[PDB]
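Protein chains: 2
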Amino acid sequence: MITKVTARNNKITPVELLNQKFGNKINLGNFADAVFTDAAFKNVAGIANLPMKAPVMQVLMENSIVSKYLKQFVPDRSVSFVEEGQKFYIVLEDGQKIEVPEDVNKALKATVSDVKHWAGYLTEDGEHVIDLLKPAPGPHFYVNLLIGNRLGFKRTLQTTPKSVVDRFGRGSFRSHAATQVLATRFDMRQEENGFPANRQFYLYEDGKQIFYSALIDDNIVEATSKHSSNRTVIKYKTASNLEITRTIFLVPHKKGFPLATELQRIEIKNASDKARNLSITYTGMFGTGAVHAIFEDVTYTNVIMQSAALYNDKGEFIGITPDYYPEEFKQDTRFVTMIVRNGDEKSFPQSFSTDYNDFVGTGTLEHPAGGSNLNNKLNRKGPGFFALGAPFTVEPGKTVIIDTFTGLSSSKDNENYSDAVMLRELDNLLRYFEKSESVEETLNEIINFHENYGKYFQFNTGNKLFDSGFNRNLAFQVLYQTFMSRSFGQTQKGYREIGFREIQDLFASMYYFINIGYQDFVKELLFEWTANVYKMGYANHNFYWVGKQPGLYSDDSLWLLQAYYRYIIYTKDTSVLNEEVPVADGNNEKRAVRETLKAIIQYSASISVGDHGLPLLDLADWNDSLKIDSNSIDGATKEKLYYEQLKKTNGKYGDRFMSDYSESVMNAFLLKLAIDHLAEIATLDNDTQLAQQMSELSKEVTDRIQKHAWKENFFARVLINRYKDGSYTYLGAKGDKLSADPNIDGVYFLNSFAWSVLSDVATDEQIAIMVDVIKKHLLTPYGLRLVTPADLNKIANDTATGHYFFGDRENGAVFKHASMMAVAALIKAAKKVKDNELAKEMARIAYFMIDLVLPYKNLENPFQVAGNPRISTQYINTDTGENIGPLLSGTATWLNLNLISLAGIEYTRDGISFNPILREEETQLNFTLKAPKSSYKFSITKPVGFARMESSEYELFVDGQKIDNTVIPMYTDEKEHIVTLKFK
Amino acid sequence: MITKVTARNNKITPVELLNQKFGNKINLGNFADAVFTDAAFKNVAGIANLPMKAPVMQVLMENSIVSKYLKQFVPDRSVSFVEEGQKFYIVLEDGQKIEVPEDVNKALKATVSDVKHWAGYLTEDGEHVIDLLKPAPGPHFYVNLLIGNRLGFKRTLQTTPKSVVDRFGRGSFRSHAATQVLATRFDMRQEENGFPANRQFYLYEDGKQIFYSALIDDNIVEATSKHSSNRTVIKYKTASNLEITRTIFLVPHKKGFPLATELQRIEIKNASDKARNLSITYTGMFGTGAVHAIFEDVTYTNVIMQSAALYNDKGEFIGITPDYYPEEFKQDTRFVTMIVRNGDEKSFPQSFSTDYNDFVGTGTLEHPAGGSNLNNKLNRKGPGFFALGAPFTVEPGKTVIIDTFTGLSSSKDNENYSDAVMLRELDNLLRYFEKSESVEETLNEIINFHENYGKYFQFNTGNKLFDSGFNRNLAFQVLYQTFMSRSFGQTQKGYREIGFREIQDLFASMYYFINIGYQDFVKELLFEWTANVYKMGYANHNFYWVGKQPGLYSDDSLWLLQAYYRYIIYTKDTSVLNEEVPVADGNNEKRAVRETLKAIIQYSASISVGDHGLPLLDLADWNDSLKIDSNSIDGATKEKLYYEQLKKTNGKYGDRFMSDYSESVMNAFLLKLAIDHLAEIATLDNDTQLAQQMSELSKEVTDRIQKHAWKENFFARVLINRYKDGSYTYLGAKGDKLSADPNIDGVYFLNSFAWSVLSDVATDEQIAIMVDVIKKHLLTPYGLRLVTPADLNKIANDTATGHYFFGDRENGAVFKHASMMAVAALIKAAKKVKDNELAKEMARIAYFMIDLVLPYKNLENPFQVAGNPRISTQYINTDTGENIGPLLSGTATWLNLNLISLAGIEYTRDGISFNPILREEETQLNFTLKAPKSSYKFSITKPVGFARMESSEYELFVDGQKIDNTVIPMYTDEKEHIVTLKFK
Ligand SMILES: OC[C@H]1O[C@@H](O)[C@H](O)[C@@H](O)[C@@H]1O
Ligand SMILES: OC[C@H]1O[C@@H](O)[C@H](O)[C@@H](O)[C@@H]1O
Ligand SMILES: [Cl-]
Ligand SMILES: [Cl-]
Ligand SMILES: [Cl-]
Ligand SMILES: [Cl-]
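If you're matching them up, the sequences are chains B and A in order.
Using the deposited numbering, the first residue of the first sequence is number 1, and each one after it goes up by one.
Using the deposited numbering, the first residue of the second sequence is number 1, and each one after it goes up by one.
Right under this line is the structure:
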């Protein structure tokens, strides 16, 4: 009877039908747009020859003139618009070509004129300028991320404030952990991160509303938003010639300040020739401290608090704080306050409301009935809605400035905490910002801090979109992720702690922090992770104020050797090996870093190993969904069993934990890398015993992998040991019998390839075979997939590949973080393999993939690829090409590593191993590099074509002296050194 | 420096300041209103002599004319409006009385004219007629609750659909458990139960929006909502003379229908003299199946689904369904469809949208830019927003009807489930409702079902608000709560299973179900609860599809004897005792009901007892927050330990579980009552051994309580056993040392009193002493509070007094359910105690408390007491008098029991023990009563004053024959019997 047609099953798209019905009567061009005219999809209305894909028919439909005109034909007749000369026609299926009326021609030309920039544009400095009326490519595209600065203060990692801001200023604002200052929204749409009133305000004249910051109507003649590094600026011009500017940023910490403050400055310039008697009403919604009760008991969230008013020394009202009854919700104290600056005079708000129902009344939030006449009623209940009102007269050509301060004080930074601490910190804050210029100076301080932070590595290529994208935007995103891990963005809203393995973010940012004098902060981060390693070598999978999930995941500890290796090789500071750091086991016990790093390797190399001497997989490793072993155990369960095994069998600590559990080949590669890392560390430490021991275990573990993990045409991913008859014995190479694609023999994991190379196990020949498999079955038009189809239920209890349509996340997406780890491999191999044609090919795939993740390139075809042109996104949908959030991802970290690696920079014990791999079409690459006691200017020139040191003639000069050593010293003479490389 | 003033600490209110500054320059009357003019609260603007408390100043400030006028004085000068003649003046502090201008006078008169009805009014049938522009007393006041009907179908309890509807039709709609059809909202405001688009629609004319169902602007000239029994009707008149009616109800189940369907009929009458070419766009938001991911991973909720279109036999589009990839979210299938009826023409929607961003575009939800021209694009992602569009021309005087059907099919009612089952059931539904009159006939069926249901008991007094409030509205709410327990309302939105102790709701509704032929349904509910009792006698604290929390709470099982007692005594159907029913222990074991009820009594009377032979408290009993014992155990942990105590001490089953755990005096009363119930059941069963056994255990248990729980002043609540030196030994009477009020010796729990009486333990003298304590320390101006202040830190410390401002929930509220259990005791004692003055006072307190909970009386002073005039609410705030939600509460169940008890009806073995307690001021009471094979008309007459059978002269007549036996037979002659009682 009734039939069902899904979005994906729908037989034909609008543009396909448009091409069918008009393609050989008019030139539809490279891009067109169309909509079905009816719910049965039989006819289309379309428009030919657009500069790019864009929702033009949608905007045309919003236009009363074009809309009414089209009804003379649609829905019963298909039509296409077409421009010839500079005049528009409408074409029918019967060949008629009708010059459209002038008012329609004008509307159509006005609509298509700037389609090329409908998703905004980037400034030379990489700032995203956004039209507030234009449609969004996706829910992450128009988003900026803000962060405070707790460097030099306690618990910098856990207490740095962070904010989400879209083009309209919507979003929310957090202090420590997931503590909400302004309310987050957890509702149906990705686009809604915050309660809708947050950061918004209204203007009134003669009692009538003339402006709302989140409503663009006919009385708004210009409205743009600019997302820059750590601030957002939003500008409006009214038809009445008011010029309104909003600037939003987080206050860097200063002693005595609240733990979190977000400043929004509102500038109102009267660009007309008559004074205007105006008022502002500034609104927002405090987050609840009782976040779980939003789901479980909303009435609880309301009755546990009340509104309270704040008054300065002179008895003047300054703002609002939400007052809580339960002690657990009185350890943070929120506030909002406003200063109105009008020539000489400063004033505080004259009125307030705290009841959303009294505020909106019979109206809407966009048009609130009580917005002009606030009732000065303190709500006995929550929620913590606030409205602050103040009148001002602004003379012709003059500007009034309204500075708002919203934030939170906390016990997390203050002993003997009470709301009295907040009142003192708020006073400190308001006195600091008493003078108008203090706001501008603080913004400039933020700008300069990030400008100086990025000087560690600066491309200068004349592609300013690339230069700014890397030098500024990617540098900021890796800083942001060092503090925030994956815990807070537009759609990352729930209680994420800090994953042990996101120590990865520090792999890239440590060099930046060291080169602005914060080496000690990097050590504090290392020691903090070190303190989440247990005595036996496994690690808490997660930690925030406290660590948890002991040895739950098998890869965690091994990543820390990469962090220590990076730090020790760059700094040559071996002292950290002697630091006494808490063991995660507690009871006030500390272990020297050296012995915890020796323990980490012993856990994965000797204890928690399987039948082949490879590290056990346990619940899973880096790959969230390799739950192969249904009866896994974490490291504390394994510890108690391991010790009773040793007494059962009379064994010795260090013996293999006997089991039939599966093994992770990826952990084997991580371990092998770890062991080489420790050997190099000990060498620099002149620890002769440890360097010999590791150098020898490295050879052993490599033997193990080569012998037991190379499987025909790939390094396998997992070795299976529970089937003594041989039913299944590996996964991740031809012949594993586990594929789920008829045309594919075997399952192939991109990371088996990547980590076999990054750990320096795979031979040139094994690289060639795996790259061929990659080209055939993992390389898509949208990049490198994480894995090929597998049917893992053949050995385990499902709940993995069963959740997503093809193209999303685990059902075959391009996971950009994994794609970047693979690029890191391709780049490492391209520098070293003997076969220059293999190297050329791998460098081609590297740059192909980098081009598909570079955020600024999202503006080339934004309504198809979406993403965000300043901030990385997690994955690409391989069905559509859409870059899909979230906005925090190891993609950014490894992209940074990879581009610096391709520029030729690798730090080794003896200095900088210089080996750049330029693009074939490039003929020069210039960049600057800071070091702690020197700097460098690098210049590389080459003919068009593939050039690399391994296989191309070259001359290398350092400070004008041709040299042969391609390891450039790490200079300490506080001079700039000129490095020139010339390929023939 | 900075000071803080909380809502509660604010020294003076606006009206108090108005009276200070004006009360003896003008007569302010019994009610006035005022607002502070500034954020420092130094001046007020107010208005004198209102008919009741109301937010008049708020509405006056929304009025351009009056607010402009007021600025001549405010903020600097206080002012009060006052009416003399039919003319207004404004009065200043200096004495000036200024006749306000005519346009101000007109606005003021228009504003105050109908303040008396600003919160709406009740029809003679108890329906709440509501003005859509007037302010709300609170977030529960303008709410209706809807329910389907699964009687005669499987798993009626678990599958009956339910909806929440406010005056604008906002809210949400669920199927089984917490499965959402239309999306719930979990956000900051109690007022927001649902996604804002739910149930709303737009009208267009010539491409322009002319109407949105959730926006009242100047083009709306009339807008009212009527909440009735199981439907809501909303009416609007436009300035252009369109008359729009929305009718919302749930479809009662018919074989082959979807498990849940909500019908909204939209009638559009053209009351003008010109035809109008209109279109409708009907919108909503499907709930996600991935509810937890709204908080954890909103992007997941989006990518796991896509929109899909539905087409009928002729290839015509009929609506939308959200299509899910994961199997776990494919076991329910949602739909929305619409039929447009225009004369004899029927049509289906011509267009649709499924992307909220394309729909709203540059506009707002109230004014969407894409709402007229839907794009017919199936969204590849969620969320499941939908817009369905259809054009229609309506001639002068004609009506177009648009019928919408929104719902869900489910595996819960269908084997071999897939979306093909939904398509068949949707076809069945649409065929059933193909004729226009089918919708009206189904509504009439619903109306008649509830009319017939309520016939069990019908008051016929002078007072139609009381009569409809009881006969219709309270009857409906007890029906609603029998299915829904406490699981779904305006602010009850999260996953609640059915509490074992909510079997209470059946205590009242069973009689109603039996008298419409659904005795078997009552037995099914009884058997279902019986199946959640374990062999040992404890119960799963909770159950929905399966039971859980075995013996976690100590009182649970005991309530079931009250349910069985009520059923067996009313029906005389002892057969239920012989039913073989699953034991919650599982395997495949069943036990006869008789033995599970003997087991329940044995658990609390012999096994799980403390040092005094009283039932152990365990984690808690009925009172959620008596976590006295921090090392408690549930009944399965106790069972495992009990048996190993038996083996290690040679004991026998039935011996006491040895411990120092605390004992619950409330459970003792529940057990004593349980035992009497069972003894009485066995008597009716002619089971001679069981009747003797229980009669004897009852004397024992009563001895136990009297000996060990009467504590000079009161029956204690808890007996404490862990302090063998006597530090603390009881809680709940004078001398327990646990008070936290300086002026109160002891802690007094209202339920100690209530259950000492309902179990028939307390002597006349103990009642007198306890009522005196109640009058002095538990009776407030807003009713009977649950308990007096206690400092339980002295023996444990924790919560409740930790969480709430004084007046709310556990910090001293009038918990209306507990207040009603106390009224049940007062009524029972008033009928029986020898002292007529004690009976008189207890009946006075009873009626005082009933008057504070009767919903219709919430309209006497609604802006102070709020609540809901048709549905009970949970508690009264003792600070303000506000009735605060939620809307589902044992208040409704026990209010029903109490008013029937006061009318004189108690069912006993031998019939109807008739003993009414009228109000002193009443001179007659008339009511009708149905029985399964007879009916009765009762008429009671008395002089003004206190009259009761125990102490007043009376003559009783039954069918014209004076009689002395006050136990009326339970007649079975299928005749109407006349019962007359005349007090002298
Ligand atoms: O592929 C899985 C990866 O993506 C996301 O689940 C997390 O943010 C990463 O920590 C993880 O490594
Ligand atoms: O006092 C506690 C009572 O109130 C609410 O928590 C629940 O709805 C009831 O089941 C409970 O008995
Ligand atoms: Cl992997
Ligand atoms: Cl994000
Ligand atoms: Cl509710
Ligand atoms: Cl109690």
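C-beta: ideal position from N, C-alpha, C; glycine also.
Secondary structure of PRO550 of chain B (DSSP, three-state): strand.
The distance from the Cβ of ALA843 of chain A to that of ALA830 of chain A is about 4 angstroms, consistent with a contact at the 8 angstroms cut-off.
Taking the Cβ of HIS117 of chain A as the reference point, every heavy atom of ligand 4 lies at 8 angstroms or farther away. Neighbourhood of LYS53 of chain B in chain A, by CB distance below 7 angstroms: empty, with the nearest CB roughly 14 angstroms away.
The way I'd put it, the region 707 to 722 of chain B does touch the region 597 to 612 of chain B; three or more beta-carbon pairs between them come closer than 8 angstroms. Interface residue (Cβ-Cβ distance to chain B less than 9 angstroms): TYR954 of chain A is not classified as such.
Only residues of its own chain outside the window of five on either side were considered, and among them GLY537 have a CB closer than 6 angstroms to the CB of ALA599 of chain B, listed in chain order.
When secondary structure is reduced to three states using DSSP, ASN312 of chain B falls in the coil class, being assigned neither helix nor strand. In the three-state reduction of the DSSP assignment, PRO14 of chain A falls in the helix class.
In chain order, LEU146, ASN230, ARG231, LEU263, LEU443, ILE446 place their CB closer than 7 angstroms to the CB of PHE249 of chain B, counting only its own chain and leaving out the 5 sequence neighbours on each side. By the Cβ test, the region 346 to 360 of chain B is in contact with the region 385 to 400 of chain B, since at least three Cβ pairs between them sit closer than 8 angstroms. Those residues of the region 278 to 293 of chain B placed with their C-beta closer than 8 angstroms to a C-beta in chain A are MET285, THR288, ordered along the chain.
Taking 8 angstroms as the cut-off, one finds at least one heavy atom of ligand 5 near enough to the beta carbon of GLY885 of chain A. Uninterrupted alpha helix (DSSP H) stretches at least 4 residues long and entirely within the region 640 to 714 of chain A occur at 665 to 684, 688 to 709, given in chain order. Taking C-beta separations shorter than 7 angstroms and ignoring five residues to either side along the sequence, the partners of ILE318 of chain B in its chain run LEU310, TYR311, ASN312, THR337, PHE348, following chain order. Remark: the shortest separation between the CB of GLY812 of chain A and any heavy atom of ligand 5 does not fall under 8 angstroms. Where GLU580 of chain A is concerned, the enclosing beta strand (DSSP E) starts and stops at 580 to 582. As a beta-bridge residue in DSSP terms, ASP166 of chain A pairs with A:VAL143.
The criterion of a C-beta distance shorter than 9 angstroms is satisfied by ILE2 of chain B and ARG424 of chain A. Relative to the non-hydrogen atoms of ligand 3, the Cβ of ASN623 of chain B comes within a distance shorter than 8 angstroms of at least one.
Considering only beta carbons, the part of the region 321 to 355 of chain A lying closer than 7 angstroms to chain B consists of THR321, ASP323, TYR325, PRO326, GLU327, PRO349, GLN350, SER351, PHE352, in chain order. In this structure, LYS834 of chain A lies near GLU950 of chain A, with their beta-carbon atoms less than 9 angstroms apart.
Across the set B:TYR534, B:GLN549, B:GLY807, B:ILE601, the C-alpha of B:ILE601 shows the shortest separation from the C-alpha of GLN562 of chain B. Straight across, the Cα-Cα distance linking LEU560 of chain A with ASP556 of chain B is about 53 angstroms. Membership of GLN209 of chain A in the beta strand (DSSP E) is indicated by the continuous run 208 to 212. In the DSSP annotation of this structure, the continuous segment of the alpha helix (DSSP H) that includes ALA829 of chain A starts and ends at 816 to 832.
The beta carbon of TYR236 of chain B sits no closer than 9 angstroms to any beta carbon of chain A. Closest by C-alpha distance to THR923 of chain A, out of A:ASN965, A:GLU976, A:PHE983, is A:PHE983.
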